[PDB]
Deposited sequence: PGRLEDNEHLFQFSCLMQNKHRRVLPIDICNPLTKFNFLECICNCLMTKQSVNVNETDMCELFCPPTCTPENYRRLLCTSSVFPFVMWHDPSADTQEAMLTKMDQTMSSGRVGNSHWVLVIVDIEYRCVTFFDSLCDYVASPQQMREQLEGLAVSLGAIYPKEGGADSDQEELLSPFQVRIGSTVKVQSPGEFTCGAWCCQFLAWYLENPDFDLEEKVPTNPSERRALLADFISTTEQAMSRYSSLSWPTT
């Protein structure tokens, strides 16, 4: 289907984007950032950055990503301005342990299923939190989920002094169709388009034809995993 669907390869993309755009932080694939621990770890992560601004050698150790070392996580914290979070929704589910036991072996079944990657990009330079979903409305409605992120946005405004954060719907035009498992790949493609231009509109970057759109995405996926094919280790990047 597409090899930008595994958490490991989505992490490799996040590293690829920190190599091409140094202001973005890579993602942590070790805490379950499903709808349950969705906004808690954003507030947590963005706080341990503002605690990074003052001299700090203690909070970095506990809120560290496991794949990272806490000195490196503090250096990447202090210098980053763009923070992506990939969230895993299933519309058949509403408890963390069952959405999780579901994963615990959804990894050893290893088939994917009704899954769906979503993307939020928290950028402290714009004081903006964009939401993107390849199927737009598939994880929540577009103006409840927006509240949820207008709810997160004001909490962020409180720990990051210049006023609440801006909210932009990334997903306006439906870009996926049926039986396509390319939602990690569209999350990647939106992150690359965002990091090149945060005020892009995706409707001019997506062809209005559907098959031209799928051909563009498969060209992107091939270019991307060619750029990523030498990323071996999983650790967070050194530079």
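- Stretch of the deposited sequence left without coordinates: only 163 to 174.
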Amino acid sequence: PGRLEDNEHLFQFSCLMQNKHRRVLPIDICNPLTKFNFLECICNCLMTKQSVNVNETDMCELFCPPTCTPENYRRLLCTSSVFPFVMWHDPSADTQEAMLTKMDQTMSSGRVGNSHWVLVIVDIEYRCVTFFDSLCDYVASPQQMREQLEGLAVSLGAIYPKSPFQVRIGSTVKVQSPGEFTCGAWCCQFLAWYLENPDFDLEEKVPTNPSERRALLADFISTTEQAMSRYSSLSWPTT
From here on, numbers count along this sequence of modelled residues.
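- The mean C-alpha temperature factor is higher for 139 to 147 when 139 to 147 and 76 to 84 are set side by side.
- For the segment pair 192 to 200 and 61 to 69, the entry gives 61 to 69 the higher mean B-factor, averaged over Cα atoms.
- Among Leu39, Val52, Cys45, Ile29, the highest C-alpha B-factor in the deposited entry belongs to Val52.
- Remark: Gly184 belongs to the lowest third of its chain, ranked by C-alpha B-factor as recorded.
- When the CA B factors of the chain's modelled residues are split into thirds, the value for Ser155 lands in the lowest one.
- In the PDB entry, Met107 places in the highest third of its chain by CA B-factor.
- Among the modelled residues of its chain, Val118 has a C-alpha B-factor that falls in the middle third according to the deposited record.
- In the deposited entry, the Cα temperature factor of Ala93 sits in the top third of values across the chain's modelled residues.
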